[PDB]
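A short worksheet on the structure shown next.
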Amino acid sequence: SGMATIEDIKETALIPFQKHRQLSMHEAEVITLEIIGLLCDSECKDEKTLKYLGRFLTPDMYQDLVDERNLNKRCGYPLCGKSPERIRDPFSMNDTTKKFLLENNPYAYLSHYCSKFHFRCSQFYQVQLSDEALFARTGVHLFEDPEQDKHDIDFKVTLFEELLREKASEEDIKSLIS
Ligand SMILES: [Zn+2]
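Quick note: the sequence shown, position 73, residue 71 per the entry's author numbering, numbers continuous.
If you want it as structure tokens, here you go:
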């Protein structure tokens, strides 16, 4: 399918460091660019992968990912395979000016995402990410993690569309079956 799965992430980035619980600053780096290499031109298979992925990212690294997706002409949100609605020139000061000058204009997000909806999903995700550097997150890269359950909770991420779902009414629910 060409979509990143939790297994792709484990095989393509994590394999060479199942020797130690504690990563070097350099190792975390390698791991980082390996994941972003995986998600820069392709998308997450599903919400479980995007959620799993949170262990490995800081808000800033996610920002970088959104920028490199956009560069490869892709919606900032890693689950989306569409392109942004409006193009922007990274070296253009006009384009940079527009994002902040224009007051409550769609340009600001439609230049990074396919829609406001995915802008929201991307930002809802991002602000939950830890500022702790990856190498400081001892063990979160280990396949058979002795603290798997603990890391699952410490780096829990709730997706925006998980909250939207959770509130739907019975009348809403019923429509889908028919
Ligand atoms: Zn999108």
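Backbone N, C-alpha and C fix where the C-beta goes; we use that ideal spot for every residue, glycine too.
Reference residue i, options the options, closest by Cα
{"i": "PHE54", "options": "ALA166, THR156, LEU31 and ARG84", "result": "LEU31"}
{"i": "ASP93", "options": "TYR105, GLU83 and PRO82", "result": "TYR105"}
{"i": "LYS71", "options": "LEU127, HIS116 and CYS112", "result": "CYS112"}
{"i": "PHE115", "options": "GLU164, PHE141, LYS148 and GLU83", "result": "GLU83"}
{"i": "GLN20", "options": "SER173, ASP143 and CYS73", "result": "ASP143"}
Anticipated Cβ contact below 8 Å, residue i with residue j, distance rounded
{"i": "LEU157", "j": "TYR107", "result": "Actually they are not in contact, since the Cβ atoms of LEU157 and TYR107 sit about 18 Å apart, beyond 8 Å."}
{"i": "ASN68", "j": "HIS110", "result": "6 Å"}
{"i": "residue 178", "j": "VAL28", "result": "The chain is shown only over -1 to 176; residue 178 falls outside these bounds and no answer can be derived."}
Spatial neighbours of residue i in its chain, beta-carbon cut-off 6 Å, leaving aside the 5 residues before and after
{"i": "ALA26", "result": "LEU132 and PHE133"}
{"i": "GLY79", "result": "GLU41"}
{"i": "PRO57", "result": "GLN124 and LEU127"}
{"i": "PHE153", "result": "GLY52 and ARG53"}
{"i": "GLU145", "result": "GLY137"}
Contacting residues, own chain, Cβ-Cβ under 8 Å from residue i (five flanking each side not counted)
{"i": "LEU48", "result": "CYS42, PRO76, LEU77, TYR123, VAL155 and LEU157"}
{"i": "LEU36", "result": "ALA2, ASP6, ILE7, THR10 and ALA11"}
{"i": "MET23", "result": "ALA131 and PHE133"}
Closer than 6 Å: residue i CB and nearest ligand 2 heavy atom
{"i": "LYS46", "result": "Ligand 2 is not part of this structure, which contains only ligand 1."}
Sequence-distant residues of the same chain with beta carbon closer than 7 Å to residue i, five excluded per side
{"i": "residue 178", "result": "Any answer about residue 178 is impossible in this case: the structure gives the chain only from -1 up to 176."}
Just to be sure I understand the criterion: a residue counts if its Cβ is closer than 7 Å to at least one heavy atom of ligand 1. Which residues meet that? Any heavy atom of ligand 1 within less than 7 Å of a residue's beta carbon puts that residue on the list, which reads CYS73, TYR75, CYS78, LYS80, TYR111, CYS112, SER113 and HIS116.
Could you tell me which whole alpha helix (DSSP H) segments of length 4 or greater appear in the region 111 to 135? Counting only runs of 4 or more, we get 114 to 124.
In chain order, which continuous runs of the beta strand (DSSP E) of length 3 or greater are located wholly inside the region 20 to 101? Inside the region 20 to 101, DSSP marks no whole beta strand (DSSP E) run of 3 or more residues.
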